[PDB]
Structures are given as C-alpha cells and as structure tokens.
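Structure record follows, encoded as structure tokens.
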Amino acid sequence: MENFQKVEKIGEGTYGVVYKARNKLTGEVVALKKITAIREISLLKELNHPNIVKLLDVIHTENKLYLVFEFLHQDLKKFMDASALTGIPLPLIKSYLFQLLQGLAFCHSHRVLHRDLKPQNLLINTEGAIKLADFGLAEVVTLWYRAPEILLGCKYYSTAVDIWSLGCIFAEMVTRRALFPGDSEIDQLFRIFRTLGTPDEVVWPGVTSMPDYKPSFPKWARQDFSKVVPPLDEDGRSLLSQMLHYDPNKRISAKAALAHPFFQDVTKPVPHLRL
Ligand SMILES: CC(C)c1cnc(NC(=O)Cc2cccnc2)s1
C-alpha cells in the first residue's frame, strides 16, 4: 500500500502472503498480511494482550484486505529448528508455555478461539516474550496440531481445541520431534489413537456419535506418557496429559493450567536469538 514500503517476504499462508514492511509515516516496522470478515477483524483489533501479536490496523481497499501487525523477528518453528541439537532449555519451554496459556486464558475469556495454533504462529522476541499470532483469523495445511474433535467432524468445537494444539507444541519443544505428524486426516487421527489409545465411550462420552467416527476404527491401546515425552518430569507430564484429554470437557482450561504445580517455579529466561 502507498503508506508502506515492502522490505521482504516473510512467508506464505493459507489465506495470503506476509511481508515485513516499513511505514513511511510512523517509521514503524510492521508485518503486512495481504488476503462479515470486516466486523470480525475489527473485533480482533480490540483483543489486546502482551501475549497476542497486536493487530495495528485493517485496510480494506480494492477487494484486497491488508492486516497490519506488530512485527516480531522470529517464530517458534525457526527457533525450534535452530535449537534442535541442544533442545530448548526447560525453564524457557516452561516460560513460553505459561505465557501462551496466559494469552489463551485471555482470548478464551472473551470467547475467542485461535483454531490453528502451530509453531509457525507463535512469535518470539529478544526479551523472552512469546506471542500468539493470526488469532481469530479463522501449500498443504498442517494437521499436526488439530484436536481430535475437529478431525472427527464436530461443527461446534470449543476453546479446548487450542489447549490440545498447545499441548502438542509443548511435547514438541520437549522432545524435539512433532508429537503427531499426520500427513492426512486419517493418518493424523490414527497417530493420535496409536499413542493415546483409540477413544471410546468410557474416556469420551459421545465420541461414537461424532460425524466422522467409524466403528471400524482400529482399537489401539494407550501408551504411557513416560514413553511419549521423556525426559519431561512428572509435573509436566501431568499437565500435558490434562491438555491432551480426549473429551474436550475433561480437557484442562488455560486458566486452570496456569495454576498447575508445573508452574510453581516458572521464570522468564532470555532466549539466545541470532537474527
Ligand atoms: C503476520 C504477523 C502475525 C507477523 C508478525 N511478525 C511476524 N514475524 C515473522 O513471521 C518472523 C520472520 C520471518 C522471516 C523474516 N523475518 C521475520 S509474522
């Protein structure tokens, strides 16, 4: 747009393309994303929290829509890829998890869901902050962080879907491998079932009456969490287990998760970021 000078292409998305850009007015360095949306997006402009990437402005113009965001220098996917020989130190993982849970507790209190949390939409800065990006906005779309209720075809899913996605990210930080790297919808589902056990009416009341549930799904037994995320300690395994409960109603809320004993000794480390 007239008021912005493109600096470089950050990336490419489900909807549109993302540029690092400078405001010739404010001097401001921002990220520009080019794609009843107007009213929904306007509502996102007021959803302000230290752990949500600030939506600065919305520009509708020429049947194109531009979202102007706060710019951050790195995403968690890149930071995980760069930290993979060493692993992200546990106090930083814990700090990131806690902050994201704060962000989620906020948005969820306002009945706003992210719906597509993934390392790529978690942005970090040199100060040790992490932020939820592309919030309430909802190449091959990644399935790896999708909650089972979405995969089984629930139309009216809840905030719990974000807790699921964040649990998957927690596990990946800890182990340095994706928890459930599905490359199709059924592969994603069956990867979950192979680890967590095929769900049934005992652990998830109503599951067998979900739109895409099939009685023909193979019945796999649950694995122990000790095997899933070693060497994460008993507090973290406990918390992760609660974020990965099948029944969205049993699944821990962000607000309750913040009170979990895992965070008794949370601190805010500085990451080593090479930009
Ligand atoms: C669209 C909006 C949510 C964003 C705001 N800040 C962003 N930063 C990066 O994607 C990280 C990055 C990648 C490549 C080059 N520079 C920064 S994305």
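Quick note: residue numbers are just sequence positions, from 1. All ligand and atom numbering here is 1-based and tracks the order in the structure.
- For residues 30-52, every residue pair satisfying the side-chain hydrogen bond (donor to acceptor under 3.5 Å, both in side chains) rule, not counting sequence neighbours, is listed here: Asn51-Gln99.
- Ligand 1 is surrounded by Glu8, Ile10, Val18, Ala31, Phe69, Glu70, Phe71, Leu72, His73, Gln74, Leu123, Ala133, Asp134, each with at least one heavy atom closer than 4.0 Å.
- The side-chain hydrogen bond (donor to acceptor under 3.5 Å, both in side chains) contacts involving residues 264-275 comprise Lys94-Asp265, where partners must be two or more places apart or lie in separate chains.
- Listed by chain and number, the residues in a side-chain contact (heavy atoms from CB on, under 4.5 Å) with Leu25 are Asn3, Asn23 (sequence neighbours excluded).
- Aromatic ring centres of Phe190 and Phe217 lie closer together than 6.0 Å.
- In this structure, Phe170 has its ring center under 6.0 Å from that of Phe262.
- For the pair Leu179 and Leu244, the minimum side-chain heavy-atom distance is below 4.5 Å.
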